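One structure below.
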Amino acid sequence: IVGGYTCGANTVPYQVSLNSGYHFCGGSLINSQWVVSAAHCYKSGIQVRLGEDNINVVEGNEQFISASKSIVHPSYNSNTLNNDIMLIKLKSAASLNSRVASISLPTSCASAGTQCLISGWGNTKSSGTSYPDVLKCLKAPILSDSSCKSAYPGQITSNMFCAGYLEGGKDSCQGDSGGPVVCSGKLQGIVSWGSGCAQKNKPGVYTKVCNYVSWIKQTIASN
Ligand SMILES: N=C(N)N1CCCCC1
Ligand SMILES: [Ca+2]
C-alpha cells in the first residue's frame, strides 16, 4: 500500500497472509474454513496465516493453517486478468474471535463514489522498494466505470472496477494482490492489477466480487 496508514494490530480481522515460506499475497476469510484471493496468486503449498499484524514476529494472535485445496475460477484468463478470483479451503476450521473474523459477501454491487478500505503488506513505494512488515490500510473511493475505462482503454471488463485516486499518490501495490476491498462492511473487491503503483491516471483495478457470489456459494456448498 502506497500512501496509506498503519492499520493497528488486528483491526482488519478478516485479512489473511498467504505464505509459501514468505508472504506472497493477501486474502480474505469468508467463513471459518474458506479464504478468497486472486487467481494470479495461485501456487501449490500454501499456508494461510490468520490473526497477523507483524508478519515477521509471533505476537500471540496468529493461527497458521495449511490449505487442503485451491479452486481457481473456471474462466480465469491470465493474459487479461479477467475473472481474477480463487477460493482456498483450510485443512481445519479457524477459531473465530474479535481478532480473527470473517467478512460478509455482498448482496448488491457497490456504486461509484462509495468509500472502501483496502489493506495489505505490499510495497509502500511507487519508485523503489520498501516492504513494511505490519499491515497497512488505505481508504479510497470506487471510481466510475467511465473513468476506469478511460484510464485503461481496451482492458476493463464487467468483472473489474477501479478504485483510488486519479491524481496518484495512494494505491495498492506489489504484495497486496489477493487482499480485500471492503465497503460498508462487505467484501466488494480483490486487489488484482494496475500499471505501476500510485501513478497519475492509473488507478488500481479490482475484481468485482458481487459478480461471483453465486459461484462462491455453490462451490463452498459442494467442496
Ligand atoms: N493497484 C495496483 N497498482 N496494483 C495491484 C497490485 C499489484 C501491482 C499493481
Ligand atoms: Ca505475527
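Every residue, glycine as well, gets a Cβ built from its backbone with ideal geometry; the counts of neighbours run over all protein chains shown. Every number in this text was worked out from the coordinates using simple rules, so none of it is lab data.
Residues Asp176, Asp133 in ascending order of nearby Cβ atoms (within 10 Å, fewest first): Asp133, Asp176. Quick one: Cα centre-to-centre distance for the range 65-118 and the range 134-197, in angstrom? So the separation of the two Cα centres works out to 15 Å. Model label points for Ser158 and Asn31, set 7 angstrom from Cα along the Cα-to-Cβ axis, are 2.7 nm apart.
Helical content of the chain, expressed as a calculated mean residue ellipticity at 222 nm, amounts to -2000 deg cm²/dmol (DSSP H runs of 4 or more residues, -39,500 (n - 2.57) each, divided by residue number, nearest 500). Each label point was placed 7 Å from the Cα along the Cα-to-Cβ direction; for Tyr131 and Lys200 their separation is 3.1 nm.
Looking at the chain as a GNM with Cα springs under 10 Å, which of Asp171, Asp84, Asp145 has the largest mean-square fluctuation? Looking only at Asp171, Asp84, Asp145, the largest GNM fluctuation is found for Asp145. Average 1/r across all pairs of distinct alpha carbons in the range 87-175, invert it, and you get the Kirkwood radius: 15.8 Å. Mean-square fluctuations from a GNM of the chain, with a 10 angstrom spring cutoff on Cα atoms, peak among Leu117, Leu143, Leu96 at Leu96. Can you bin the range 5-54 into rounded, prolate or oblate? Criterion: square roots of the alpha carbon gyration tensor eigenvalues sorted a ≥ b ≥ c, rounded for a/c under 1.5, prolate for a/b above b/c, oblate for the rest. Note, shape of the range 5-54 comes out prolate. Modelled spin-label separation between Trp215 and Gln47, with each label point placed 7 Å from Cα along the Cα-to-Cβ direction: 3.0 nm.
Over 25 Å between Cα atoms, which of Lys91/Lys136; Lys149/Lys170; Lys125/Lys217 qualify?
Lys91/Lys136; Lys125/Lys217
Comparing mean-square fluctuations of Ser111, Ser44, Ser147 from a GNM of the chain with C-alpha springs under 10 Å, the top value falls on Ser44.
By its C-alpha gyration tensor, with a ≥ b ≥ c as the square roots of the eigenvalues, how is the range 33-142 shaped: rounded for a/c under 1.5, else prolate for a/b larger than b/c, else oblate? Rounded.
For a test of the definition: using alpha carbon positions, the gyration tensor, and the 1.5 limit on a/c, classify the chain as rounded, prolate or oblate.
It is oblate, given that a/c is not under 1.5 and a/b is not larger than b/c.
Of the peptides 179-186, 195-202, the order by per-residue mean of other Cβ atoms within 10 Å, starting with the highest, comes out as 179-186, 195-202.
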